[PDB]
Structure formats: structure tokens, C-alpha cells
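First the structure, in the form of C-alpha cells, and then the observations on it.
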Amino acid sequence: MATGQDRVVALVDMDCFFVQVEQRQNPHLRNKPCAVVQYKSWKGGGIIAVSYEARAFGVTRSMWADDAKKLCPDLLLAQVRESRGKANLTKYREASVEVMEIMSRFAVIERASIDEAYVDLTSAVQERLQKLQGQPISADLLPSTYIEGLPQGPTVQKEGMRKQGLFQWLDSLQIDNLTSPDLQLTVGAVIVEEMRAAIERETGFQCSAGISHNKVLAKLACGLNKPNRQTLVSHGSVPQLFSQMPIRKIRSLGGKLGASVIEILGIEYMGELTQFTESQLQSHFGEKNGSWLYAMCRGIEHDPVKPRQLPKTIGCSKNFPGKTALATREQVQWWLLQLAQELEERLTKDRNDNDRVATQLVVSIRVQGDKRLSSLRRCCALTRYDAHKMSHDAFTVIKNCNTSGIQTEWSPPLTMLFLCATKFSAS
DNA sequence: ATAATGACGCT
DNA sequence: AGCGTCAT
Ligand SMILES: Cc1cn([C@@H]2OC[C@H](OP(=O)(O)OP(=O)(O)OP(=O)(O)O)[C@H]2O)c(=O)[nH]c1=O
Ligand SMILES: [Ca+2]
Ligand SMILES: [Ca+2]
């Protein structure tokens, strides 16, 4: 009877990251309702991050800045920096690399996003156990940790609830048994208290964190108490936690697959997936799905913390929505070159920082109408990091899709240009 | 007219 | 390889 408590895994999530990045750069933005915005033209810009002060008014991501200034008129606005006509997030990627470095010290991480890392803390927690002489774990070692499920049984202050739940946990603790899963979860947690404290001391950035036995519980744990907090979710808390957890809130169940688990099976919460046999599930959703599903509703999952703190593709895209769609040869060529240019700037910096080289160029477009994010996608070779070579070669491998005899103009209008660098190798 | 960006499965 | 899914 295996129960998926082999590993200790954490998901670190920087809190309102871009907002934190701007606020470190611009002290006026601190302790204030503010938001990051890109492209001022259309309705003031689309809001891509929201400080917690501004959330309290109702302001959300993707929302237009002119609309959100209706909800919050005191909303300050850091514009994203524009470069060659495209929104340029270099500031954040640099900010992210600062944090991934600190995290790289404490253990072996997987860059999830600009904002997130998974951390496999298993070997690190074994190392620290013998380095405490099996002596207890002080509450003071966990000043921002929550214990999902606790406090239980037989208090109005939010932090007062936190101590009770941590005190119940530390009390129930089997610290003589140096292989107790619940004890590990607790040691990894103190480590995360530390790595989170190191991130803040050394960059100024606060973050939230989830600690558990796999990537999926960690991510879910990480959302339980934000910001500047961390949740520990132990095996035994899974049944109650999943008891009313909506299925779509689990990483990979947020799209169509998860939708139909609700549809086919007629449930609505994650715990309800227990009652089915694995063959039942494989039969509804496939061999690998019914398997992963059957273990997941039992809180067991085994996708590993792949050690890969760097991405595997480098991509530069630009959207031309509505009346801005490109419809001329001269337009398409100009953007292919603008994208090619930031691309070589990112590419060159990759060749010297991370010591490697992309070898294939992928070109993608998307036309007016087609609801697929990508209408076309074609692979051509990538030899020198030369912006002009890449533009021309991109145009080459997509020239055969301007279905208008008039070569001056371009139909259908293109609503997207994507240039992605892949197939890296040593350098 | 939610934009940029990225990992992976399927075939 | 080319498309579809999913997440951030
Ligand atoms: C959903 C979504 C997110 N992001 C960004 O990827 C990292 C971060 O993700 P996040 O949700 O964590 O944003 P955030 O303000 O840090 O929110 P909280 O950490 O306070 O929850 C957000 O900066 C996108 O680029 N596109 C997206 O479609
Ligand atoms: Ca975040
Ligand atoms: Ca994130």
C-alpha cells in the first residue's frame, strides 16, 4: 500500500511579481493601489498585474486600464517598457533570475514560470534531520507557515488561528521517528521559511509557498494563504481539503479534460474521484489519465521536479488584434524584423550567459477569423544569430500563404507573428 | 481588442 | 513535423 509521501516538494510563487518589481524601482508605488499596464493606446492599456491594495477595489488582470480606473480612480500605473514596438519584459526576467539564483542555493529547482519554482527538498530534509540531534521544532522556526486542516476541535485573530494550528501540529509531532512523512514536511517548511527569508533580504521580494509531497499538492497548497505566507499540506489533510475542492483548481484539470470529468461523471469536487476504480477511470479518460486521476484524488502524484532552472525555447511574438492586423508585404516584413531583432538580443545573451545555442527557428502566424491560437507553424534552420537572416528566412517559409495575387498587399490579414528559437545544444 | 511566453502530448 | 492542450 503506497501512499505518495516519498518526496518533499515546494512550489514558490512570487506575489504580484511585476508589481513588486516596479515598487522596488519606484518607492511612490509602494503601499498604494497600483497596477502594471502594457500598450497605452487601446482603452489605456491591458492590466497585467495588480497590487493587493488595488485588488481590494475589484481590479483584475487583462482588464483595461481605463475601465479599472473606474473601479479605482487613485490607481497608479507603471507602464511596461516598449522596445521596437513590442512590450519588453526584460526587467522582470532579470528580476526572476535574481530569485531563481537564491533558490538554486537551497536545493534543486524547476523553473515553472517567470514567477514560480518547484523545489525537491527530499535529500535536503534528510541532511538537516541528523543536524538537529532529533530535538524538537520551535514555532519560532515557522513564523509564516499554515497547517491545512488545523486548528481542529475545541479565537478571532487571524494570526491567532495560525499559532493554534501550528501548535497542534508541532505537538502531535513524532520527532523521534526520523522517517515520519509529516516530520519531513515540517523540516522542508522551515527550509522554505529560510529560502523565502533569503529571497526577501537579498532582493526585497516577498513570495508565497506551498509545501507537500508532490508538485500538484504544493501548487494547491501555495494558493491557500497569500501573500507572504506558506501553507503545509500533509497527506492526512488531503481528504478534507479535496472534500469540497473544485476539480478545475488542480493543475491540468483546468481545461477541457477537467471539464468533462465534471460532465461525464456528474461530480463537482476533487474528493468524488475516489469512488472509481482505476480501470473505470482509464476507460473514461485514457490509460494515462485514469491512472494519474485515480492517484491524484488520493493525493498521490509523481511527476518529478525536473531540474531545469532555464527554459527550453526562446520565443518572441506579437499580436495584431482587430483593425491592426497586418495586410501588406511591407508590414509583415517590418515586424518579422522587429521580432527577429529582440530575438537575437535574447539569443546572444543566452549564448554567453547559459552557454548554448539554438539550431532551429519556428515561424508561426495566425489569420483573421481562425480561433486557433496558431493557424500555421513551420520549422526552418537557424545558423547565425543574425536578425536580418532570420527575418528573411521567416518570410521565405511563410511567403507561400499570402493568398492575394497583389504582392503589395497580404490576405488573409495576419493577427499574429511568432518567432520561437528551439533545439538548443552545447556551446 | 487579454498579450507574451512556454512545456508537453498526440499523431 | 504540425497541430492541440494547458498553464502562467
Ligand atoms: C495568468 C497569467 C500570469 N502571467 C504572469 O506569469 C507570472 C504571473 O502569474 P500570477 O498569476 O502569479 O500573477 P501575480 O500578479 O504574481 O498574482 P499572485 O502571485 O498575487 O497570485 C503573472 O505575472 C502571465 O504572464 N499571463 C497570464 O495569463
Ligand atoms: Ca505570482
Ligand atoms: Ca506565477
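Per the working numbering, residue 4 is the first one in the first sequence, and the count goes up by one each step. A virtual CB, placed ideally from N, CA and C, is assigned to each residue, including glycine.
With DSSP collapsed to three states, give me the class of residue i.
| i | result |
| --- | --- |
| residue 143 | helix |
| residue 407 | coil |
| residue 170 | helix |
| residue 294 | helix |
| residue 114 | strand |
| residue 441 | Outside the displayed range of the chain (4 to 430) lies residue 441, so it cannot be described from this structure. |
| residue 158 | coil |
| residue 324 | coil |
| residue 33 | coil |
| residue 286 | helix |
| residue 360 | strand |
| residue 335 | helix |
| residue 240 | helix |
| residue 365 | strand |
| residue 25 | helix |
| residue 68 | helix |
| residue 86 | strand |
| residue 317 | strand |
| residue 281 | helix |
| residue 387 | coil |
| residue 371 | coil |
Should residue i go down as buried or exposed, given a rule of 16 or more other Cβ atoms within 10 Å for buried?
| i | result |
| --- | --- |
| residue 413 | buried |
| residue 282 | exposed |
| residue 250 | buried |
| residue 382 | exposed |
| residue 1 | The shown model of the chain, from 4 to 430, leaves out residue 1, and the question about it has no answer. |
| residue 4 | exposed |
| residue 358 | exposed |
| residue 240 | buried |
| residue 104 | exposed |
| residue 228 | buried |
| residue 172 | buried |
| residue 24 | buried |
| residue 418 | buried |
| residue 149 | buried |
| residue 189 | buried |
| residue 52 | buried |
| residue 222 | buried |
| residue 153 | buried |
| residue 367 | buried |
Flag residue i as yes when its Cβ comes closer than 8 Å to any non-hydrogen atom of ligand 5, and as no otherwise.
| i | result |
| --- | --- |
| residue 75 | Ligand 5 is not part of this structure, which contains only ligand 1, ligand 2 and ligand 3. |
Taking just the CA atoms, how far does residue j sit from residue i?
| i | j | result |
| --- | --- | --- |
| residue 313 | residue 110 | 15 Å |
| residue 59 | residue 16 | 20 Å |
| residue 424 | residue 88 | 20 Å |
| residue 19 | residue 406 | 44 Å |
| residue 106 | residue 176 | 28 Å |
| residue 10 | residue 262 | 29 Å |
| residue 181 | residue 191 | 13 Å |
| residue 236 | residue 13 | 10 Å |
| residue 275 | residue 409 | 60 Å |
| residue 158 | residue 165 | 10 Å |
| residue 36 | residue 233 | 24 Å |
| residue 258 | residue 328 | 28 Å |
| residue 137 | residue 179 | 6 Å |
| residue 322 | residue 369 | 9 Å |
| residue 28 | residue 93 | 14 Å |
| residue 315 | residue 74 | 40 Å |
| residue 325 | residue 224 | 40 Å |
| residue 82 | residue 34 | 18 Å |
| residue 317 | residue 397 | 15 Å |
| residue 112 | residue 132 | 21 Å |
| residue 244 | residue 278 | 16 Å |
How far does the beta strand (DSSP E) with residue i in it extend, from its first residue to its last?
| i | result |
| --- | --- |
| residue 382 | 379-384 |
| residue 263 | First-last for residue 263: 259-268, but that is the alpha helix (DSSP H), not the beta strand (DSSP E). |
| residue 432 | Residue coverage of the chain in this structure runs from 4 to 430, which leaves residue 432 outside it and unanswerable. |
| residue 210 | 210-215 |
| residue 150 | 148-150 |
| residue 234 | 233-235 |
Considering residue i, what are the terminal residues of the alpha helix (DSSP H) in which it resides?
| i | result |
| --- | --- |
| residue 131 | 125-133 |
| residue 17 | Residue 17 -> not in any alpha helix (DSSP H); beta strand (DSSP E) instead, spanning 12-17. |
| residue 105 | 93-109 |
| residue 204 | 184-206 |
| residue 55 | 55-58 |
| residue 401 | 390-402 |
| residue 220 | 218-225 |
task: For ligand 3, enumerate in chain order all residues having a CB closer than 6 Å to any of its heavy atoms.
output: 16, 116, 118, 119
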